[PDB]
């Protein structure tokens, strides 16, 4: 039905192993990755990556989120960077195969006691320029997140707040920070100066584990491919660090000086893409899913119940994809928390939700712009078929494949409750 060649690719012999030791022993350098790269790449925009032509190459290389570092540069400089990112992204709207949403993240300068005056003005600039995400620098407690949230004025409540943990207090007050944040960034640069350098891996692994448990996005950042600022190829420790951040459970990986000021920005993005695909296939899904299942509390929320049912169904048939209809991105995020091997194709009419779901591992957003059908069930079926035809065009799906389809019983967000098993025709 599938063949022996299918079960040799994407580390499938290591995936079927009964123990983690046997899983390690079965990892094969000849077993090629087949799935689309699921860990998003965040690239910092700067002099080396600001031009429209350079940004087109970075989008082609795999950049999903553009980071604007407000520690340097004026509002005029950042507005031009945003315009250049949007021009490069929209240059592909002519091809359904190549077009892809790209999120814009504003990384704040940081705090002084409460929110700094500059952070109030920069956060206001972010709302006025329609940024998708804020990477809030030096978050130490829950009230720091509340201050950032308050500064997103009356118009920016939909912006995602990713709290950067950069010091001892942020690590010790992690639970209260995660509770009020949309996600976390393990900001290793400052963390490695604030706490002993030999302890950063403990903070990284703990925070990734807690974010995976909570079902909230976690970003691993700083010096991942540092030597690539001046060299065309990274060190053995750098490729290892990127692979290990993905294996740890990071939803996103980041590039700072490598893309902002370095001599090889496109090559750094290509390297993170290549390593992430290899590491995602080496994830031990058998124990990971069992542990996420056991640790996740019992739930009476139908979206959560449908998500675990759909992920279980996808593993049973080695589904190529889980197609989900989502307005806010929440139904796709709840599928992503169970770490399915199947790609989560999220069909949405919200351009902002399509950009923001790049924060969740394995979510592939498809922005739907057709006019709504008069009969709701027909409009649902057209979106499901749009996800199928996009998957066929992009290589995720072929005729005869099985896909899992996740929908709700009525229009509007919060009603996901249906899982279907569909044969691709």
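Positions refer to the first chain, counted from 1. Note that the rigid core is defined as the largest set of C-alphas that superpose within 1.5 Å between two forms.
- Looking at 229 to 237 and 90 to 98, the one farther from the shown form in 9 other deposited structures of this protein by average CA distance, after a rigid core fit, turns out to be 90 to 98.
- Note on 385 to 393 and 366 to 374: with rigid core alignment, C-alpha atoms in 9 other deposited structures of this protein sit farther from this form for 366 to 374.
- Coordinates are lacking for 1 to 3 deposited residues between residue 111 and residue 112.
- Averaged over Cα atoms, the B-factor as recorded in the entry is higher for 225 to 233 than for the other of 277 to 285 and 225 to 233.
- The PDB entry reports B-factors from which the mean C-alpha value can be compared for 27 to 35 and 381 to 389; the larger average falls on 27 to 35.
- Among 163, 95, 333, 306, the highest C-alpha B-factor in the deposited entry belongs to 95.
- Of the candidates 183, 196, 249, 215, the PDB record gives 196 the highest C-alpha temperature factor.
- Among the modelled residues of the chain, residue 316 sits in the lowest third by CA temperature factor in this PDB entry.
- Among the modelled residues of its chain, residue 43 has a C-alpha B-factor that falls in the middle third, as given in the PDB entry.
- In the PDB entry, residue 135 places in the lowest third of its chain by CA B-factor.
- For residue 219, the recorded CA B-factor ranks within the lowest third of the chain. Only modelled residues enter the ranking.
- Per-chain ranking of the deposited C-alpha B factor places residue 52 in the highest third.
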